[PDB]
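Protein chains in written order, with the authors' numbering: chain A, 1972 to 2211; chain B, 1299 to 1317, 1323 to 1346; chain C, 2644 to 2739; chain D, 2692 to 2739; chain E, 4 to 321, 353 to 529; chain F, 146 to 193; chain G, 4 to 49.
Ideal Cβ placement from N, Cα and C applies to all residues, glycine included.
Working notes, beginning with the structure itself.
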Amino acid sequence: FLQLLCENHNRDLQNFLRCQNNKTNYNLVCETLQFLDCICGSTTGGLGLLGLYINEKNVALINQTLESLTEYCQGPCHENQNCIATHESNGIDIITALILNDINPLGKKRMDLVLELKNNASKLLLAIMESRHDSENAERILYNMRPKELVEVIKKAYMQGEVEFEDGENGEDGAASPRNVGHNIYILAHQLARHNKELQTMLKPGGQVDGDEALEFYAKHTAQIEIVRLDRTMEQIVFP
Amino acid sequence: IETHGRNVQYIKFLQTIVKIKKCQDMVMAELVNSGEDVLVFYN
Amino acid sequence: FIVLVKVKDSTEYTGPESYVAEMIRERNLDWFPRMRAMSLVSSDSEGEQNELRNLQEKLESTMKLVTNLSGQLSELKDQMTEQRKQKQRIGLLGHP
Amino acid sequence: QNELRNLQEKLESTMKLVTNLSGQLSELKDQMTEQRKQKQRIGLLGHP
Amino acid sequence: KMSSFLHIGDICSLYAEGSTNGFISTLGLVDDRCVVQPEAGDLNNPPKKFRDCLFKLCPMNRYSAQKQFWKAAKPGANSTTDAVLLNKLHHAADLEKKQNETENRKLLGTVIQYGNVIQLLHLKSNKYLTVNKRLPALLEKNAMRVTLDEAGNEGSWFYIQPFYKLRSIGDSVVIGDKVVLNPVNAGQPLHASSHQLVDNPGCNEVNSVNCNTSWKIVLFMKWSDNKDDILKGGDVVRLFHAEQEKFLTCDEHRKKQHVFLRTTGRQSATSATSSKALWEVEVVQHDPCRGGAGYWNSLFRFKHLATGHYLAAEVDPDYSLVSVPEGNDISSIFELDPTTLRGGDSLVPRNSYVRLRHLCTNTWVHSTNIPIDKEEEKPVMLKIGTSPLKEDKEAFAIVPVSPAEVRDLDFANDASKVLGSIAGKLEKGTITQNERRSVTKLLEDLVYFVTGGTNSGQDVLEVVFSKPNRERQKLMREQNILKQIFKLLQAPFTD
Amino acid sequence: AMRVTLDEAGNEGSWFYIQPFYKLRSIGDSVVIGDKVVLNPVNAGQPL
Amino acid sequence: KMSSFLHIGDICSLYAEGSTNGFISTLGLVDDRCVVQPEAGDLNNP
Ligand SMILES: Nc1ncnc2c1ncn2[C@@H]1O[C@H](CO)[C@H](O[C@H]2O[C@@H](CO)[C@H](OP(=O)(O)O)[C@H](OP(=O)(O)O)[C@@H]2O)[C@H]1OP(=O)(O)O
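In structure tokens form, the structure reads like this:
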């Protein structure tokens, strides 16, 4: 509920809550949310495998807390990203851990939940990164994923293969194809690639080889839209 | 019983509320709270 | 240039040579003085390699810091000594 | 006939140098004298 | 001088105030709880030894990965994490410990204030602080055990709070605040329980229970002397000459602490550097360690570690060099001359050439080699006096002494002495029960601590390159390792 | 013993080793005014 | 006064120390080797 309340229009509502007055009323909750999420995953470094199993349905609230992370995520670049930047240097780890790994128990609705969490976390991170340009800020989240291109490539290949293997005939009820999740990850990586050169080198390598799922997925999308909103902006957008 | 959150009152009573090979395993855990220091005794 | 260069091992007379002596193999379309070289705009060697609004600001800061590293400390010490002496007079005033 | 980024930087340097040519020297001299005096008190403390 | 006490990592000490007014005293190195000694001297006058209250303002590092590392003993009971998973898992815990450091370094700078939660650690023993929540004290079970850890745990979690807490919360901590701490997780605040202890007339148990036990913030040295090169404080040196390549050695030869220097063997090689170079040099002010740090007009006493003996000199007449038990005379307070070069930058010298002036006789100190005794060639009795000439032959300098070795040796030597006492108990008759459970099996653990050189490789007969310490082995031979041999003889002989 | 000469022009026996008595003052540092400077000819060998 | 002795070309002198404690003394102008004179005064008093 708190996350839902906070999410109401950003800029003034978002910003106002996010910073406040009175030391954020003995609250500057975004850091708290990150800490809570860490406790829930209590990775404290590498997430203990299963913590997710322990979460049981309970991680979905933290998923909704991760959703409330994206609830304190959308658009308002400065306030949001002030917190985002702080978190990227500062905690970034829950998101990093999610990107880095899957869940030990083969969860029932859990596969979908995990995918949703990745997409969400991915969306939040992506939004923040894009707005920032914030190169070393993304370099720090890129310092979160030092595994880089190799890790991304492996994940993309695996997700796409799984999705093809069990293509689901459940239309527009959630694009949680393994490839769909991977596509979201690919978009984030490209957005990340605008920050970091080494990652870009890895990406160029991904683009040329004995073709692969990676080139096909980019083809399914290499947009780099670059629209500019309201006014006074020089913005660059991607979306699959 | 063993630590000074109480006194040295009966181990036998404690054992009675949990004194088969399972009993021996349980006894090892109980002894661990209550291990050494003449818990069984000085003999 | 291509005629004289063509002809030998390519290692000899290197720098531009063995630079470009590989560069024809991958044919990468970008050898030539497109616009950026042009000559000119020397600007007296860029004012002896001296920088922007910032360089002057940096000079001010350096000067200020070195100069500032001594005087206030001295002033405080002397101030304390003078103050110590008046207190002595005050003690005499309230002395018996 | 006043010059570039550089002329202003040069002015700063000249001012700094002339001003700087005196105060620290003075400070060091006084510091040494005060220090010399405490040592005297120290000598009295360890005097017999 | 705007305000003090702004940096975690301070060089300070502690003192008990109230019922029994003692100090933070680790009884030896192998024990587990400190004591409160009225054996110790005044609050205004610390004892002949005071090197035991060596705490430092530690940051609050984590322990959870280290806890889940130690969950590992429960996994020893049971496996499967197992193998690589288990390793990587505890390897990750180790990385997290590395990360604790890769926080503390950044952490230096913080103004230490009221109401904070900080950690501690010794230096002389270099052991940790952790109060148990389920393991009691020796006298009363209600009091909690305050432990000395090798690694440190969650009972390092304190509440820096003065006596009344009249000094309101948030401000910096005044040096002199009667700091009544409180364990976060364990509850029960610390107590100076006035109770007689084993081998201790004399000492009182440090423990944790609800009481009104006050303390004091007792400064020893500012944080800016954390520079390890900077020869400050009580740091220890070696009085090793360089043109002769001989250290200044003391010995109670004729039941008199003759201070001299041994005939130097080898030399084409460097010093064999025996343990008779135990010297700590400190400046003199009645409140200890006054301010200014210029080290120019600073005046110094000379202190030997293992003996309870400081260093003076008086006249010969047929000027002397023997060691003195006390620390209040002027004739022990000697002087220095830094490197004999043109230096106004000598605010803190470093590990280089020194000299001496006197104060009373007020002359230089020569080192002219005059052999004296016919007891033994390559002699053990020389003369070091105070003469107003100075030559190049006074090349005395300072060793930045390796800290770890000193600590190891000291604990071994003290253990051996008790070991000797333990041996005496067995000799009189039998011994008790828990002495076997405490210290008897701790024999080779002290040996395998620095490994003693007891196992190495194999090559031609001269030991050269690398496996365990020759210094350690000779030192092992050294703290009556001979005495230990006699003690061992007695155990089998008694059987 | 080797002849130490007084030349009008100067030659290769002007080649010295500025070294104190013991060389306790370790090599590299500036020369203290008062060092007991035991020189050594480079080419000629024999010290003074 | 930070440290002395920083410039080749110094205006100094020399003194012998040890067995015979003399000075660097050119016997006249036309000779070829210096002498060590105990004729010369003290090390503290030239
Ligand atoms: N700078 C020096 N100049 C000349 N001799 C030196 C020296 N520093 C020490 N020495 C002394 O001269 C002896 C050797 O020539 C002796 O060396 C002893 O040093 C011991 C170190 O503990 C070694 O014994 P190990 O522990 O068995 O290694 C070693 O023998 P080693 O070749 O096997 O190492 C030997 O015993 C050593 O002082 P000491 O007279 O020996 O006390």
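Expected contact under 8 Å - CB spacing of residue i and residue j to nearest Å
i, j, result
"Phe303(E)", "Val287(E)", "7 Å"
"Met2130(A)", "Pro2149(A)", "4 Å"
"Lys219(E)", "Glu20(E)", "6 Å"
"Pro165(E)", "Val182(E)", "6 Å"
"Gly2737(D)", "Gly2714(C)", "Going by Cβ atoms, the distance from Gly2737(D) to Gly2714(C) rounds to 34 Å, so no, they are not a contact pair."
"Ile2063(A)", "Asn2115(A)", "5 Å"
"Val284(E)", "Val240(E)", "6 Å"
"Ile1299(B)", "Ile1309(B)", "6 Å"
"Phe8(E)", "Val176(E)", "6 Å"
"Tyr162(E)", "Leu184(E)", "6 Å"
Distance CB(residue i)-CB(residue j) smaller than 9 Å
i, j, result
"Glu2101(A)", "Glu1978(A)", "no"
"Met1329(B)", "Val1316(B)", "yes"
"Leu60(E)", "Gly12(E)", "yes"
"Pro434(E)", "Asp231(E)", "yes"
"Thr1995(A)", "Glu99(E)", "no"
"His307(E)", "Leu281(E)", "yes"
"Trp299(E)", "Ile14(E)", "no"
"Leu132(E)", "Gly118(E)", "no"
"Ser401(E)", "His261(E)", "no"
"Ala457(E)", "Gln513(E)", "no"
"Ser436(E)", "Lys517(E)", "no"
"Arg2111(A)", "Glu2059(A)", "yes"
"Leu2095(A)", "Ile2055(A)", "yes"
"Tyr2043(A)", "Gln1991(A)", "no"
"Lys2127(A)", "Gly2145(A)", "no"
"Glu157(F)", "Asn188(F)", "yes"
"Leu393(E)", "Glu369(E)", "yes"
Neighbour flag for residue i against chain H, beta carbons, 9 Å
i, result
"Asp426(E)", "Judged by its chain identifiers, the structure shown contains no chain H, and its protein chains are A, B, C, D, E, F and G."
Heavy atom of ligand 1 within 8 Å of residue i beta-carbon
i, result
"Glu425(E)", "no"
"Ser274(E)", "yes"
"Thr267(E)", "yes"
"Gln270(E)", "yes"
"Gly112(E)", "no"
"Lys279(E)", "no"
"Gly487(E)", "yes"
"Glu505(E)", "yes"
"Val433(E)", "no"
"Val497(E)", "yes"
"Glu246(E)", "no"
"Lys501(E)", "no"
"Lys508(E)", "yes"
Contact between the region 96–114 of chain E and the region 2718–2733 of chain D (3+ Cβ pairs under 8 Å): With the rule of 3 Cβ pairs closer than 8 Å, the region 96–114 of chain E does not count as touching the region 2718–2733 of chain D.
Sufficient close CB pairs (3 or more, under 8 Å) joining the region 39–46 of chain E to the region 191–210 of chain E: yes
Three CB pairs or more closer than 8 Å across the region 2102–2113 of chain A and the region 2046–2063 of chain A: yes
Sufficient close CB pairs (3 or more, under 8 Å) joining the region 263–275 of chain E to the region 292–299 of chain E: no
contact_flag[the region 168–183 of chain E, the region 228–243 of chain E] where n(CB pairs < 8 Å) is 3 or more: no
Sufficient close CB pairs (3 or more, under 8 Å) joining the region 182–198 of chain E to the region 69–80 of chain E: no
The region 362–381 of chain E touching the region 460–475 of chain E, judged by at least three CB pairs closer than 8 Å: Using a C-beta cut-off of 8 Å, the region 362–381 of chain E makes no contact with the region 460–475 of chain E, since fewer than three inter-stretch Cβ pairs fall below that distance.
Inter-stretch contact at 8 Å, needing at least 3 Cβ pairs: the region 2695–2706 of chain D / the region 2699–2713 of chain C: yes
The region 478–495 of chain E / the region 423–434 of chain E touching (three or more Cβ pairs under 8 Å): no
Three or more C-beta pairs below 8 Å linking the region 2659–2670 of chain C and the region 2715–2729 of chain C: no
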